[PDB]
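In structure tokens, one chain follows: the form deposited in one PDB entry.
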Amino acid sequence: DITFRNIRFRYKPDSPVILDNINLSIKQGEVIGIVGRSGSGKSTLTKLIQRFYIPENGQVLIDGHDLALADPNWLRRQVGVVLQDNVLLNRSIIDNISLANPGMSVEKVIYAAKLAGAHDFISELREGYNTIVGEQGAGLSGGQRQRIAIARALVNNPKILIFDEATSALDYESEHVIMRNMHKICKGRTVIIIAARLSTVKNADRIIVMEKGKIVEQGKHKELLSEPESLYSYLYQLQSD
């Protein structure tokens, strides 16, 4: 349902090759984890899904549609991206979550906040969902902001959801709620998670290991650990050393 075929990418005609002959099929309903060293090409890979950039070689396809000849506006709607950092607008928490669709009532707002694990702390603020967030973003803490951003992205409701280190600063309990809810979140859609914390993607249907712009290893968490000399094993065994 999402296909990378013979993808070769570099940023400038002078730039070194960033993505080197990548081939990948991601079928609808799959949770895909993407791991690898800092600078290996994880983010660049997700940018071709959005067509901020075009490859010099190969094709990107969604549902059999070549993105190179697809409608620009159509593609924008299909992809929702949650980054590491998120600025919230100087308005209420409910308004911030409902950005993509007001008129959508309090219940689907709360459900989105319950999925993101935000409803608890919002209920215990005095002003509640009517709490006006900062003129810069953070009248709240980093993780609270980030959970509001996740709740908003769920309301946005794209058919392709990209988490780019979205949870890596959240505490284990907070991330667990979101990863526990991943079964409801990815119903009828594709979820792509780029993680530095390997434990985040432990239950992905497929984990992709990037190195120097190549998909170097692949499989489930336990399948990747079967080879002790694998790159995935080396990073995993660095958890506490």
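Each form is matched to the other, and the largest set of C-alpha atoms that superpose within 1.5 Å is called the rigid core. Note that residue numbering follows the sequence shown and begins at 1.
Form deposited in another entry: not shown, discussed below.
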* Asked: Relative to the superposed core, which single residue of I26, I185, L48, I215 shows a CA shift of 2 Å or more between the shown form and the other one?
  -> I185
* Asked: Is it true that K159 shifts between the shown form and the other one by 2 Å or more at the Cα, once the core is aligned?
  -> no
* Return yes or no for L88: a CA shift of at least 2 Å between the shown form and the other one, with the rigid core superposed? => yes
* Core-aligned C-alpha movement of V79 between the shown form and the other one, 2 Å or more -> no
* Taking the shown form as reference, are the C-alpha positions of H176 and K220 brought closer or pushed farther apart in the other entry, with a change of 3 Å or more? -> farther
* **Cα-Cα shift for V81 and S105, closer or farther in the other entry, minimum 3 Å** => closer
